[PDB]
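Take a look at this single chain in structure tokens; it is the form deposited in one PDB entry.
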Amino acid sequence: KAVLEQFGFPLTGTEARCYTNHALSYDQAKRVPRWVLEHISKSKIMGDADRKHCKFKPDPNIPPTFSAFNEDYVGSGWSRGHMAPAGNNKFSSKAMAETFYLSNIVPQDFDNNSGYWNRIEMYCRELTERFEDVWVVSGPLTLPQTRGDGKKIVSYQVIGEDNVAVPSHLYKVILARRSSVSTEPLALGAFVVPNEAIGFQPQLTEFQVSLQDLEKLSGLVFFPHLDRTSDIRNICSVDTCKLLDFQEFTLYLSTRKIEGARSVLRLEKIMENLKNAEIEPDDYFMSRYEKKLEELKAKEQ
């Protein structure tokens, strides 16, 4: 070993990199994370940290030769997709900014990012209403497809001068613990979704896979301290694995759009678009709507 290592073994750069509220292993060849691990709780997802103040930027800890840059993504047809979501870090301005490091980012389909993936991220946050602690590992995948001649081929686009790899699929592993003292078994689920528009028809369980199958596909071992001989329950059996439906998701989106409205007229389409959508505003929407209406006419026009 000493003779082979005289000038050092090659470096792969896969060591875990830790930030305020997430950790990741970086793939220097693909310019994307291999896995991103985070812990979620009800306290962390509340706060005044606001994402419109954040900027995507290269991770300052990654050698520039292996880093992605904004020029790789902009105009590529692919969005900068958070693995550790910025929305999980309302409690800390620093933590949310670090999720905008490109070490946490993969090329993600625009509709997937703002749609099905967003709704999965929302479910993970929803779990904190029922579990005191939730752990999530998210990351990209590049899976094979069978060609016309029967051969299996892995094919993916690389974008920008730096050849950032666009994944065919995205995965999440969710581990939930009811409380730090409870004797209730842990709950776990693994999910793989295509990096494309999905819509509202398929239920989340349709994308569920066994942890062992995901580990074989990804070449990773998740949560290695979990005693797999112990009693560990399927999260979609102990919980709902139910994403927001179209009506719920649209009301949620329309409610958030209120806070960004800068004209009484803009504020009026939101309710108009909503109501014609056969979706009645709930009490929270109307509370935020009237508050914003009063604010807008108290500001310069």
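Take the two forms, find the largest set of C-alpha atoms that superpose within 1.5 Å, and that set is the rigid core. One-based numbering along the sequence shown.
Just so you know, the form deposited in another entry exists too; it's not on screen, but the next bit is about it.
- When both forms sit on the same rigid core, the CA shifts between this form and the one not shown reach 2 angstroms or more only at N273 out of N273, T240, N234, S43.
- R262 is among the residues whose C-alpha shifts by 2 Å or more between this form and the one not shown once the rigid core is aligned.
- After superposition on the rigid core, displacement of the C-alpha of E15 between this form and the one not shown stays below 2 Å.
- The pair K275 and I198 approaches in that other deposited form: their C-alpha atoms are at least 3 Å nearer to each other than in the form depicted.
- Look at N276 and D245: in that other deposited form their Cα atoms come 3 Å or more closer than in this form.
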